[PDB]
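**Q** Got input28.cif for you, mmCIF, C-alpha atoms:
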data_run
loop_
_atom_site.label_atom_id
_atom_site.label_comp_id
_atom_site.auth_asym_id
_atom_site.auth_seq_id
_atom_site.Cartn_x
_atom_site.Cartn_y
_atom_site.Cartn_z
CA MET A 1 98.95 84.27 70.09
CA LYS A 2 99.82 87.61 68.53
CA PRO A 3 100.08 90.12 71.41
CA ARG A 4 97.13 92.53 71.48
CA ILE A 5 98.02 96.18 71.88
CA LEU A 6 95.72 98.97 72.90
CA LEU A 7 96.97 102.10 71.15
CA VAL A 8 95.64 105.44 72.39
CA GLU A 9 96.55 108.18 69.92
CA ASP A 10 94.46 110.97 68.37
CA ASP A 11 96.83 111.82 65.52
CA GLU A 12 95.23 109.74 62.85
CA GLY A 13 98.10 110.04 60.41
CA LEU A 14 100.48 108.61 62.99
CA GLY A 15 97.94 106.14 64.41
CA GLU A 16 97.18 104.63 61.01
CA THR A 17 100.88 104.24 60.33
CA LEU A 18 101.56 102.64 63.71
CA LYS A 19 98.58 100.29 63.49
CA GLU A 20 99.46 99.23 59.95
CA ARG A 21 103.11 98.52 60.74
CA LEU A 22 102.39 96.71 64.01
CA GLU A 23 99.76 94.50 62.35
CA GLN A 24 102.14 93.71 59.48
CA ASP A 25 103.30 90.46 61.09
CA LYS A 26 103.51 90.28 64.88
CA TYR A 27 100.67 92.11 66.62
CA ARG A 28 96.95 92.84 66.80
CA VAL A 29 96.02 96.47 67.50
CA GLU A 30 92.89 98.13 68.91
CA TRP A 31 93.30 101.81 68.27
CA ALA A 32 91.44 104.39 70.31
CA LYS A 33 91.48 108.01 69.26
CA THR A 34 89.99 109.34 72.47
CA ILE A 35 90.06 108.47 76.17
CA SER A 36 86.42 107.51 76.08
CA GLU A 37 87.10 105.17 73.13
CA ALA A 38 90.05 103.71 75.08
CA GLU A 39 87.82 103.11 78.04
CA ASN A 40 85.29 101.35 75.82
CA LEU A 41 87.94 99.15 74.26
CA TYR A 42 89.69 98.46 77.56
CA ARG A 43 88.74 95.46 79.69
CA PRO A 44 90.87 93.20 81.89
CA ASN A 45 92.43 90.10 80.39
CA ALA A 46 92.13 91.47 76.85
CA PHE A 47 95.43 93.24 76.20
CA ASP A 48 99.12 92.48 76.44
CA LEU A 49 100.35 96.09 76.27
CA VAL A 50 98.94 99.62 76.24
CA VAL A 51 100.73 102.36 74.21
CA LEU A 52 99.51 105.86 74.90
CA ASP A 53 100.18 109.49 74.41
CA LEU A 54 99.64 111.99 77.21
CA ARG A 55 97.26 114.60 75.67
CA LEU A 56 94.08 113.31 74.09
CA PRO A 57 91.20 115.58 73.26
CA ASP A 58 89.06 114.44 76.21
CA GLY A 59 91.58 113.82 78.97
CA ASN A 60 95.13 112.79 79.89
CA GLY A 61 97.03 109.56 79.29
CA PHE A 62 98.46 109.57 82.82
CA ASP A 63 94.88 109.35 84.20
CA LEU A 64 94.04 106.58 81.80
CA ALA A 65 97.22 104.75 82.84
CA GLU A 66 96.35 105.26 86.54
CA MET A 67 92.88 103.85 85.92
CA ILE A 68 94.32 100.83 84.10
CA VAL A 69 96.88 100.14 86.84
CA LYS A 70 93.99 100.10 89.33
CA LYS A 71 91.98 97.54 87.33
CA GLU A 72 94.90 95.37 86.19
CA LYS A 73 98.06 95.97 88.20
CA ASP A 74 100.37 94.06 85.93
CA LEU A 75 99.26 95.22 82.49
CA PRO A 76 102.30 96.85 80.89
CA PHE A 77 101.84 100.36 79.53
CA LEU A 78 104.26 102.68 77.79
CA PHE A 79 104.14 106.36 76.93
CA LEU A 80 104.72 107.65 73.40
CA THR A 81 104.59 111.41 73.56
CA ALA A 82 106.14 114.74 72.66
CA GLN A 83 105.88 115.70 76.33
CA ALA A 84 108.96 113.81 77.31
CA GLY A 85 110.80 116.11 79.69
CA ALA A 86 112.43 115.03 82.93
CA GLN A 87 109.34 115.54 85.07
CA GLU A 88 106.97 113.63 82.77
CA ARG A 89 109.37 110.74 82.42
CA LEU A 90 109.92 110.48 86.16
CA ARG A 91 106.18 110.52 86.76
CA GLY A 92 105.68 107.78 84.15
CA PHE A 93 108.44 105.53 85.53
CA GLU A 94 107.27 105.98 89.11
CA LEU A 95 103.78 104.92 88.03
CA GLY A 96 105.52 101.84 86.65
CA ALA A 97 105.56 102.51 82.90
CA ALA A 98 107.31 99.80 80.93
CA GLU A 99 108.85 102.37 78.60
CA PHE A 100 108.83 106.06 77.71
CA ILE A 101 109.49 106.89 74.08
CA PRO A 102 109.57 110.53 72.93
CA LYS A 103 108.15 112.11 69.83
CA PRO A 104 109.60 112.68 67.38
CA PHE A 105 110.80 109.16 66.68
CA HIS A 106 111.72 106.90 63.79
CA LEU A 107 109.40 103.92 63.45
CA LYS A 108 112.24 101.40 63.68
CA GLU A 109 113.29 102.78 67.08
CA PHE A 110 109.75 102.32 68.33
CA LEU A 111 109.68 98.74 67.00
CA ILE A 112 112.96 97.79 68.70
CA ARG A 113 111.86 99.23 72.04
CA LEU A 114 108.40 97.72 71.80
CA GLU A 115 109.74 94.25 70.96
CA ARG A 116 111.85 94.34 74.17
CA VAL A 117 108.77 95.28 76.19
CA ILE A 118 106.88 92.35 74.68
CA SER A 119 109.77 90.04 75.48
CA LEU A 120 109.40 90.93 79.19
CA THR A 121 105.77 89.83 79.07
CA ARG A 122 106.84 86.29 78.24
CA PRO A 123 106.91 83.64 80.96
CA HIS A 124 110.15 82.03 82.21
CA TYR A 125 111.24 78.89 80.40
CA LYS B 1 128.77 92.90 92.72
CA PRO B 2 127.81 93.99 89.19
CA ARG B 3 130.56 96.11 87.62
CA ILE B 4 129.64 99.26 85.73
CA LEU B 5 131.99 101.21 83.47
CA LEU B 6 130.80 104.81 83.67
CA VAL B 7 132.07 107.14 80.97
CA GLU B 8 131.29 110.72 81.91
CA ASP B 9 133.44 113.86 81.83
CA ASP B 10 131.14 115.97 83.99
CA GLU B 11 132.82 115.39 87.34
CA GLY B 12 130.03 116.74 89.47
CA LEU B 13 127.65 114.29 87.86
CA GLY B 14 130.14 111.44 87.73
CA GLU B 15 130.93 111.75 91.40
CA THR B 16 127.22 111.74 92.24
CA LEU B 17 126.53 108.68 90.11
CA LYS B 18 129.57 106.69 91.26
CA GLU B 19 128.79 107.38 94.92
CA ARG B 20 125.12 106.44 94.69
CA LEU B 21 125.70 103.32 92.60
CA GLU B 22 128.42 102.14 94.98
CA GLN B 23 125.98 102.58 97.87
CA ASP B 24 123.60 100.33 95.87
CA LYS B 25 126.16 97.50 95.88
CA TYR B 26 127.68 98.18 92.46
CA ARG B 27 131.35 98.46 91.63
CA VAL B 28 131.94 101.45 89.38
CA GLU B 29 135.00 102.22 87.28
CA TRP B 30 134.55 105.84 86.25
CA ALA B 31 136.38 107.03 83.12
CA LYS B 32 136.35 110.70 82.11
CA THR B 33 137.36 110.49 78.45
CA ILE B 34 137.05 108.08 75.53
CA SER B 35 140.79 107.47 75.84
CA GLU B 36 140.43 106.44 79.44
CA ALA B 37 137.35 104.30 78.74
CA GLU B 38 139.05 102.40 75.89
CA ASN B 39 141.96 101.76 78.24
CA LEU B 40 139.81 100.53 81.13
CA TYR B 41 137.59 98.46 78.85
CA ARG B 42 138.39 94.75 78.64
CA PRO B 43 136.09 91.85 77.72
CA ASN B 44 134.58 89.68 80.50
CA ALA B 45 134.92 92.42 83.17
CA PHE B 46 131.86 94.62 82.98
CA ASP B 47 128.17 93.97 83.27
CA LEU B 48 127.09 97.38 82.01
CA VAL B 49 128.63 100.40 80.31
CA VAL B 50 126.97 103.80 80.92
CA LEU B 51 128.28 106.47 78.51
CA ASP B 52 127.58 109.92 77.19
CA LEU B 53 127.66 110.53 73.42
CA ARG B 54 129.32 113.86 74.27
CA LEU B 55 132.85 113.29 75.58
CA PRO B 56 135.74 115.75 75.50
CA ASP B 57 137.87 113.78 73.06
CA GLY B 58 135.19 112.59 70.68
CA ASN B 59 131.91 110.89 69.88
CA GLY B 60 130.62 108.23 72.28
CA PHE B 61 129.26 106.24 69.31
CA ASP B 62 132.87 105.45 68.37
CA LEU B 63 133.44 104.05 71.85
CA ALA B 64 130.16 102.07 71.72
CA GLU B 65 131.16 100.65 68.32
CA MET B 66 134.52 99.49 69.68
CA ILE B 67 132.85 97.87 72.64
CA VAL B 68 130.26 96.15 70.43
CA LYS B 69 132.98 94.84 68.07
CA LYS B 70 134.87 93.29 70.99
CA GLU B 71 131.95 92.01 73.03
CA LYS B 72 128.81 92.02 70.91
CA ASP B 73 126.32 91.36 73.70
CA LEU B 74 127.83 93.54 76.50
CA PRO B 75 124.99 95.77 77.74
CA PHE B 76 125.54 99.49 77.26
CA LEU B 77 123.31 102.48 77.59
CA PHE B 78 123.54 106.12 76.60
CA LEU B 79 123.06 108.91 79.16
CA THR B 80 123.22 112.11 77.15
CA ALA B 81 121.77 115.49 76.11
CA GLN B 82 122.35 114.34 72.51
CA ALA B 83 119.08 112.47 72.59
CA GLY B 84 117.32 113.26 69.32
CA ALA B 85 115.57 110.85 67.01
CA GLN B 86 118.56 110.13 64.79
CA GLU B 87 120.90 109.37 67.68
CA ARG B 88 118.39 107.18 69.46
CA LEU B 89 117.73 105.22 66.28
CA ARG B 90 121.46 104.73 65.76
CA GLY B 91 121.94 103.70 69.38
CA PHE B 92 119.10 101.15 69.45
CA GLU B 93 120.12 99.74 66.06
CA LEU B 94 123.63 99.25 67.51
CA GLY B 95 121.97 97.30 70.35
CA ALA B 96 121.97 99.82 73.22
CA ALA B 97 120.07 98.50 76.23
CA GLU B 98 118.73 101.93 77.12
CA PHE B 99 118.86 105.59 76.11
CA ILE B 100 118.24 108.11 78.90
CA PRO B 101 118.30 111.84 78.10
CA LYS B 102 119.87 114.70 80.05
CA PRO B 103 118.48 116.42 81.94
CA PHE B 104 117.16 113.74 84.25
CA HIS B 105 116.13 113.28 87.85
CA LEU B 106 118.40 110.78 89.58
CA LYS B 107 115.48 108.51 90.56
CA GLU B 108 114.56 108.03 86.90
CA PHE B 109 118.10 106.95 86.05
CA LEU B 110 118.09 104.45 88.95
CA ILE B 111 114.76 102.93 88.00
CA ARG B 112 115.87 102.47 84.40
CA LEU B 113 119.42 101.20 85.25
CA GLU B 114 118.05 98.63 87.71
CA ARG B 115 115.85 97.26 84.96
CA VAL B 116 118.79 96.85 82.57
CA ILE B 117 120.90 95.11 85.21
CA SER B 118 118.10 92.58 85.78
CA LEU B 119 118.23 91.27 82.21
CA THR B 120 119.74 87.82 81.77
CA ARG B 121 123.00 87.39 79.95
CA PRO B 122 123.83 85.24 78.03
CA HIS B 123 121.58 82.32 76.78
CA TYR B 124 120.82 79.65 79.38
#
Here is the file; what I need is its structure written in the form of structure tokens.

**A**
Amino acid sequence: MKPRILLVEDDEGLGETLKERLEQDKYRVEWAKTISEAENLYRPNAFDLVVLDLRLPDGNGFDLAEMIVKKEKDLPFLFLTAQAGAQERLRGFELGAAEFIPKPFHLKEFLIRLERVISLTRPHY
Amino acid sequence: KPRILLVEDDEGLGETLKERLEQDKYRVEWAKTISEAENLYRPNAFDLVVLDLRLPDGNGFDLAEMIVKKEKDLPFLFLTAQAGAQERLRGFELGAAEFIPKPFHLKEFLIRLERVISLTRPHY
């Protein structure tokens, strides 16, 4: 019912804040702090959206995204990252990212953009 | 054909964008100042406004605010080097459909613009 988000983020100050605010009313969040934890949490037909940064301590978010796309072609993923230059964004969009949100950001911006991504996951009425 | 109001004073860029979009079966009215954009803008004529926050005769937020007052659900997006956290927050809170920073590769802009154009308006 509540969309389930896989959040991949090693900054625990930011990750706690994001998880807490997302779980406030609308969403359920499984929060991985490493790529290996993300891989453990990840399985097909379990998530509605993945939110990930690019650098984690044990690998790169693009590789994780590429893996996920291979297993579940239509699982939306968005990047949330300080590495948000023209090249990174183009790479993300060409891989089919649903969104690309830079750091730094205000939480309310993230919530607006994320709610529109969730809206696109809804079926046609 | 979807009609785009492009508000962009950089004429090298504006020419490139107008030409490519018109090859993609868009109609583009390209304004180079806020003054010109306000003059070209009319309700029930455009399907998307693309504007820079940085225009020669003022702040693109003023133009976006005028457009929102007149046609609250008209899609608009910012294409701008003024792409920091405060400006993006203000833009999304105002209802911007997208916010694409400069510099950008043209293919990124096209991918993101095509997505905005696909959204349904208004409520069926």

**Q** Show which residues sit within 8 Å of segment 114-122 of chain B, as a list in words. Count all atoms listed in the file, and ignore same-chain residues fewer than 4 positions away.

**A** residues 47, 48, 73, 75, 97, 98 and 110 of chain B

**Q** Taking all atoms listed in the file into account, find every residue of chain B that has an atom no more than 7 Å from chain A, and write it out as a short mmCIF file (atom, residue, chain, number, x, y, z; two decimals) with C-alpha atoms, in the coordinates of the input.

**A**
data_model
loop_
_atom_site.label_atom_id
_atom_site.label_comp_id
_atom_site.auth_asym_id
_atom_site.auth_seq_id
_atom_site.Cartn_x
_atom_site.Cartn_y
_atom_site.Cartn_z
CA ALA B 85 115.57 110.85 67.01
CA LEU B 89 117.73 105.22 66.28
CA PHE B 92 119.10 101.15 69.45
CA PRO B 103 118.48 116.42 81.94
CA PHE B 104 117.16 113.74 84.25
CA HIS B 105 116.13 113.28 87.85
CA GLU B 108 114.56 108.03 86.90
#

**Q** Using all atoms listed in the file and a cutoff of 9 Å, can you tell me which residues are near (124.6, 100.0, 75.4) in the file's coordinates, and write them out as a PyMOL selection string?

**A** chain B and resi 48-51+64+67-68+73-78+91-92+94-99

**Q** In Å, rounded to a single decimal, give me how far atom CA of residue 63 of chain B is from atom CA of residue 12 of chain B.

**A**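 Atom-to-atom, atom CA of residue 12 of chain B to atom CA of residue 63 of chain B, that is 22.0 Å.
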
**Q** Distance atom CA of residue 24 of chain A-atom CA of residue 52 of chain A, one decimal place?

**A**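 The value is 19.8 Å.
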
**Q** Which residue is closest to residue 84 of chain B? Choose from B:60, B:36, B:27, B:53 and count only C-alpha atoms.

**A**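 Among the listed residues, the smallest separation from residue 84 of chain B belongs to B:53.
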
**Q** Spell out the residues picked by the PyMOL selection byres ((chain B and resi 21) around 12) here, as a PyMOL selection string.

**A** chain B and resi 1-6+14-20+22-30+50+106-107+109-111+113-114

**Q** Here is a test: counting only C-alpha atoms, which residue of A:18, A:82, A:1, A:111 is nearest to residue 55 of chain A?

**A**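 Counting only C-alpha atoms, the residue closest to residue 55 of chain A is A:82.
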